[PDB]
Participant: 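Take a look at this one; I'll ask things after.
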There are 4 protein chains.
Amino acid sequence: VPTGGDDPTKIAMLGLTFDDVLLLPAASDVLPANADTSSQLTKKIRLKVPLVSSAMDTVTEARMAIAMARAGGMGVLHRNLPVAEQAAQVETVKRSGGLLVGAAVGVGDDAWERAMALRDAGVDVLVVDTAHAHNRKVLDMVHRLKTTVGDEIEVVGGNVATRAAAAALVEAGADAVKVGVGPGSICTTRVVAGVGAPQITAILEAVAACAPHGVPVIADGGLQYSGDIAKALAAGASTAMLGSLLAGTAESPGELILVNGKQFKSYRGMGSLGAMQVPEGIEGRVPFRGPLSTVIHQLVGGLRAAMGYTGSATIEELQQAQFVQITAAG
Amino acid sequence: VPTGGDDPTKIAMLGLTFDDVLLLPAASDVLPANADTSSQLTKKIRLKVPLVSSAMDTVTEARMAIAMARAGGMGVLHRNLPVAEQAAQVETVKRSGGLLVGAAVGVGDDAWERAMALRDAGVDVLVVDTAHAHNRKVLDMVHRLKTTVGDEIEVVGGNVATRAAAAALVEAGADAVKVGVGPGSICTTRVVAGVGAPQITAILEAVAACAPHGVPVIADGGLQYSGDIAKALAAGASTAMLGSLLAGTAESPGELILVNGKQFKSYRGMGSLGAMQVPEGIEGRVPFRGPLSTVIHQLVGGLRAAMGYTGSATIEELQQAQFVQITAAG
Amino acid sequence: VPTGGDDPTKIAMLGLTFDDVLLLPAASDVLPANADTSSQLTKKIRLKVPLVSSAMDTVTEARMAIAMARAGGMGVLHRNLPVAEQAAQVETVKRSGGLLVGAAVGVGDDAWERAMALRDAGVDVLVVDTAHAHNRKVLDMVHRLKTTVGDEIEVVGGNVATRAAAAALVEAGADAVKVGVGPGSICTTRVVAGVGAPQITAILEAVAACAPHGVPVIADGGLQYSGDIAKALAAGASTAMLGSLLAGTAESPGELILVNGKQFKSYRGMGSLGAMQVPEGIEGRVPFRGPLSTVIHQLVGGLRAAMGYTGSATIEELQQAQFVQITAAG
Amino acid sequence: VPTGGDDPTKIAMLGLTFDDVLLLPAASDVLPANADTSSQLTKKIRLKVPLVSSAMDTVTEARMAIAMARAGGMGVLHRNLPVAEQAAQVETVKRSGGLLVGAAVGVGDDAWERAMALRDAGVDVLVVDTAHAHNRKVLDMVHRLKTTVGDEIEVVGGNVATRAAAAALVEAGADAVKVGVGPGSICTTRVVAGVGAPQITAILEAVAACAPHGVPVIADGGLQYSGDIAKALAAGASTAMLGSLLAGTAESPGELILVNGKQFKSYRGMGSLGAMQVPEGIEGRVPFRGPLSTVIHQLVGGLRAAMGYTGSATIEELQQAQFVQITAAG
Ligand SMILES: O=c1[nH]cnc2c1ncn2[C@@H]1O[C@H](COP(=O)(O)O)[C@@H](O)[C@H]1O
Ligand SMILES: O=c1[nH]cnc2c1ncn2[C@@H]1O[C@H](COP(=O)(O)O)[C@@H](O)[C@H]1O
Ligand SMILES: O=c1[nH]cnc2c1ncn2[C@@H]1O[C@H](COP(=O)(O)O)[C@@H](O)[C@H]1O
Ligand SMILES: O=c1[nH]cnc2c1ncn2[C@@H]1O[C@H](COP(=O)(O)O)[C@@H](O)[C@H]1O
Ligand SMILES: Brc1ccc(-c2c[nH]cn2)cc1
Ligand SMILES: Brc1ccc(-c2c[nH]cn2)cc1
Ligand SMILES: Brc1ccc(-c2c[nH]cn2)cc1
Ligand SMILES: Brc1ccc(-c2c[nH]cn2)cc1
Ligand SMILES: Brc1ccc(-c2c[nH]cn2)cc1
Ligand SMILES: Brc1ccc(-c2c[nH]cn2)cc1
Ligand SMILES: Brc1ccc(-c2c[nH]cn2)cc1
Ligand SMILES: Brc1ccc(-c2c[nH]cn2)cc1
């Protein structure tokens, strides 16, 4: 083995991130304005815009969830708050019209109670929301939810970063699989634990397990630009979950912060010290970006441009697009 | 597949940019001063210097086109202005002697009218000038122009970044194919859409489709140094189109700008907000560089040096030169 | 040969460092809090925490050795001081309870005398501590110590960076092999001598020689983050030796230094000018980090997280984990 | 072809520079202090230290040549001055004892006259000193010198960057071949012409042509650290030529320059504007480094360390050492 030792499997793959690839233009009769951006969030739920906001306390509460649903996407309400409060946020969203909404639950002692209260509040999607979904407790929770409330609620499981982990969630009954271990802008898992998987490779691997079973993949973490959304979908994901890109919007929780004449909002990992109240997230800030509606327009605009360049009339067509790998110089 | 999934074609190639390669010196009896720098702009039109200025409103109006033709190259007049005005600029150039001139047209509602007015004004080259030429509307426009005015006017189509797209333009009747999707200094297509093709690979691919049919390739975008011109031609292009490298000259449109004691000129993408009046270009500035004649001398000087080092007596010989690929460290 | 010449062995391998790889998550029923972090320092000695402090005069004297042993690791007392003083430090440590302690010796004229005095003082581990252990004098010293005091004292040899060098130390009777030529944060061997071996590859190679003989590998140098400890162990090392990461602690030798409002401690290579009194180390500073106990908690916390993510119940299981290689972009 | 087009030879090799490789430690019974650093400058001339100073007007005049010879190396007097003056510098050196000295000549109209005057002055080595030696005029000059004065004077030819060019110089009768096109610290050939060859690969290729004919290779350009000297020799070169590393010494031509409280000396390419009086060099400055004797001691010290680490008793043994290739992260 050229990189050391005698075991070719020790270094199992070469992991590519978003910056490692570009989409190749292809024959097209699709104008960006005419592309259909709709896509499956879960087996049953199709969104007008293939974007969902992160279940983070500096990204998604009721205001964000309402704005995301109105924009054609969806919000996933964070779970760093009492069960009654999270449930009350679900009701607030549902009372602003027939709007889709999701909510995160963990696998701890109060997770089941949380899930049932969210169910009672009329949640559409439950997201089993963990740092490591390749584990029996997480798989059991997904399965139990699907068997209990699965007729009326779609159940997402995550996060994973390998084909095997995605396959396990599929077998457990997941209605979507969320991919991302290590890539988040505020994530320090890579440096604290030394663990992660570059996101393009993670998506390609998860999709290899999920697409044959008709289970959509949600690409979660590491998306810095609108072009990354196109790359994630072309790699085979069906939707993208955004934290950093939405944390600077008016609708996110938290106050405006003025530093050196410029406007920012705080954005922090759910595994940061402040969120926990061994951290694997940081507490930072992102530029203030104005209203969500405007940010979503720019993000969807970039996606539409990519669909035009690749001749992709639909997201399902975009999932078949090809990449060129680039070097450091590029 | 080492990079993920089970499809070896998903990541179709490894794309190299100018910075990824150097020209290897070879046996030479060619002194730089004795090299012949002439090259085909189109099937019929040969230039003394293999350089043309970008069809951009901060690069080429009549003054630039006149200076470029006098220097042995050519200007392509931008199309971000009324048809009558663009046509009047063509006439201004033609009235400054027997000077070659080109002009850009799009494929929109007024493109045909624009083309005919430019034809009437005595334009030598029509450049069908689009972000994505791999499309029936663009191919139809090239073909229609060639069948209508092709006896008296050479028709260039662009831009493309793949062998297949170049092949389509050849079939449509293009007299030259312009290559570049993503590499422009002011381009944000790569980050907005996630789309592009590193330019050395794009040129090698386009040339593979174009050279067998005797159709010259114009390398457009990403050229930062005179050495990049040599690299583009060695990769098989016949001419290079320059934006950034010429935007700082006296002959480009726009005022001098003084910032922090240094002189600059504004340079902006035609897909920037200001040019459009979802942007895929930025508005920036480039150092002021003085007269075009002087810039062209330096650029051609570097090209001549490369021709000497590679033993290339002509541009056709330079097109057969070899590269070494370099690493990040280099 | 694509990189030059006609000898494929001239460039013998592609060397990976810590930053080149990440650990892949895997199926897990191991919670970080439940992982067993114990590991072999030497054939006979197992530590509660797989960490030992560097034998450097800005890292380990008696105070550090006592704190490291209490934290479940071990200190290796530096040898840049008179034999009597080093021996007295061993006694100071042993008089603070039944604490494990190691001490460095060289191979110079006074090395044997030093070793015997340390033996008399009750040292548990002798570390034959050299820049280049692939040499008969070093091998002889290891062998002589093992045959003379090997029943009561474990003998470590280092440093090496290749499979062959590790194999030689094993044959000589080493109870552990210490790996690291070039990677230290304060090391300039790479630039002064042009010599080194990227640490992940060095560990994989040394382990290939050592593991089949039941000899533990100590990964020494280049560890910048807690995640690097997990990577080193997953590459097959049994413990990690830390310099930079511990030099900023209260227990390290040396005063606090205030520069630009921030607190630091001096940290210097043992091959720096100041330590020698042709340098292959620098004299620098590292941020002040507070008490060792706290630093060790954070480092072990990150290790525990990695064990959870990789489904590793023990360090021996972690040694079987897999990596993904990452690119520059990642 | 993964990088574009259908010709596998278009991108002929992957070029490595010094930063791309490290020397692997190997079995050693060689202490750095006991290594023999002598090496062939040319077929007949062996130096005590394998270093020669660049033929540049900010590096080598008589003072530098005298100091280099006394240190066990040699200086090559630059040729940017009248023939009589260069000849007078040769005599100045020869009058400071039995000191070896070289002098550069070109291939222009006055080159032969220059060579004969240098011959008359008692020069030991004539260096045919060009940007591109792969050319009949250069080959003819080398051959003519060797046939005319070759019994009493050793003739070096350069510079080359390929196996074929080195082979041509060997056939022409060169007593040494000098390698380096593109790597010089003050060189802009890479950006102006787009031409060059990463130096480790260039050396491996030149050596493949030269070593089988017993012709030493001088590695010229790109050496930034003492470790680069070891790498160049391990790649198969017999000596290293230094510009930047010696330009900051007391013995180099030019005044001390004080900028922002720090001392520098000017260092400029011989193809810079100022040296010429289309530039392919820049005019810069390097830190003041004090006396040559001290710089040479540090450089030879690093070389000796490498010889120790690689078990190389002589430079001929060092030429057989192995490398590990490193990544960007390393
Ligand atoms: O503290 C943390 N550590 C690691 N990942 C986190 C943390 N907090 C949130 N995440 C994940 O990072 C995603 C946001 O990534 P971003 O869009 O790149 O900022 C979220 O949707 C989570 O999957
Ligand atoms: O707004 C834009 N977005 C993307 N490409 C552009 C834009 N404007 C001009 N271009 C292209 O970029 C080329 C100039 O590239 P440059 O010489 O690297 O500055 C032009 O000739 C166009 O092909
Ligand atoms: O001066 C030096 N030159 C090269 N390596 C050194 C020197 N001093 C200590 N070391 C090694 O560097 C290790 C510390 O590396 P660090 O933890 O990255 O700072 C030590 O345990 C030694 O193996
Ligand atoms: O102007 C120039 N352009 C390109 N190479 C130069 C020039 N001047 C000197 N050189 C070469 O660069 C070498 C010095 O490289 P350095 O030691 O890296 O600074 C010299 O020995 C020459 O071979
Ligand atoms: Br601590 C910690 C908390 C959350 C995460 C995570 C990764 N992807 C989604 N959530 C990772 C670590
Ligand atoms: Br067909 C087609 C038409 C227009 C585009 C485009 C993308 N960005 C700007 N223009 C792409 C494809
Ligand atoms: Br919006 C937009 C406008 C122009 C371009 C382009 C790329 N190459 C030549 N022109 C791309 C995007
Ligand atoms: Br033949 C030949 C002669 C001179 C050159 C050259 C290039 N740059 C500076 N000198 C190249 C080839
Ligand atoms: Br000088 C000098 C002194 C110590 C080292 C070293 C490398 N790894 C452990 N110790 C290297 C060079
Ligand atoms: Br099973 C299992 C449970 C929790 C983790 C973890 C690592 N970092 C944060 N949480 C990993 C694996
Ligand atoms: Br202009 C010019 C002048 C000298 C060189 C050179 C390269 N290596 C040695 N000398 C290159 C270009
Ligand atoms: Br054998 C042998 C002995 C000492 C060294 C060395 C190199 N740098 C510092 N010490 C190398 C090899």
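To find a chain, count down the sequence lines: A is the first, B the second, and so on, and within it residues start at 1. Only this structure's heavy atoms are used, side chains among them; waters, hydrogens and symmetry mates stay out. Remember, it's 1-based here, ligands and their atoms both numbered in the order they're listed.
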Participant: Does A/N159 have a non-hydrogen atom less than 4.0 Å from ligand 5?
Facilitator: yes
Participant: Strictly below 4.0 Å, N to O, side chains only: are A/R268 and A/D57 in salt-bridge contact?
Facilitator: yes
Participant: List ligand 10 atoms under 4.0 Å from A/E280, heavy atoms only on the residue side.
Facilitator: 7 (C), 8 (N), 9 (C)
Participant: Can you pull out the closest protein heavy atom to atom 11 (C) of ligand 5? Residue, atom name and distance to 0.1 Å, please.
Facilitator: A/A131 CB, 3.5 Å
Participant: Would you say the side chains of A/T60 and A/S53 form a donor-acceptor pair under 3.5 Å?
Facilitator: yes
Participant: Starting from atom 7 (C) of ligand 5, what is the nearest protein heavy atom, named by residue and atom, and what distance separates them?
Facilitator: A/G180 O, 4.1 Å
Participant: Have a look at ligand 12 and work out which part of C/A193, if any, has a heavy atom under 4.0 Å from it: side chain, backbone, both or neither.
Facilitator: neither
Participant: State the atoms of ligand 12, each with its element, that fall below the 4.0 Å cut-off from a heavy-atom position in D/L31.
Facilitator: 3 (C)
Participant: Carefully, step by step, assess C/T314 and C/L318 under the rule side-chain contact (heavy atoms from CB on, under 4.5 Å).
Facilitator: CA-CA 6 Å; C/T314 62; C/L318 180 62; over 6 Å; no
Participant: With a cut-off of 4.0 Å, which atoms of ligand 5 are near a heavy atom of C/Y309?
Facilitator: 11 (C), 12 (C)
Participant: For A/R114 and A/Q86, which I'm curious about, is there any donor-acceptor pair between the side chains at under 3.5 Å?
Facilitator: yes
Participant: Number the atoms of ligand 12 from 1 as they appear, then name those within less than 4.0 Å of a heavy atom of C/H132, with their elements.
Facilitator: 11 (C), 12 (C)
Participant: Taking only heavy atoms of D/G308, which atoms of ligand 12 are found under 4.0 Å from at least one of them?
Facilitator: 11 (C), 12 (C)
Participant: Quick check: closest heavy atoms across C/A111 and C/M141, and the distance to 0.1 Å?
Facilitator: CB-CE, 3.7 Å
Participant: Taking atom types as modelled, is there a side-chain donor on A/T189 or A/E280 under 3.5 Å from an acceptor on the other?
Facilitator: yes
Participant: For atom 10 (N) of ligand 5, what's the nearest protein heavy atom and its distance?
Facilitator: A/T130 O, 4.2 Å
Participant: Do A/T42 and A/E154 get their side chains close enough for a donor-acceptor pair, meaning under 3.5 Å?
Facilitator: yes
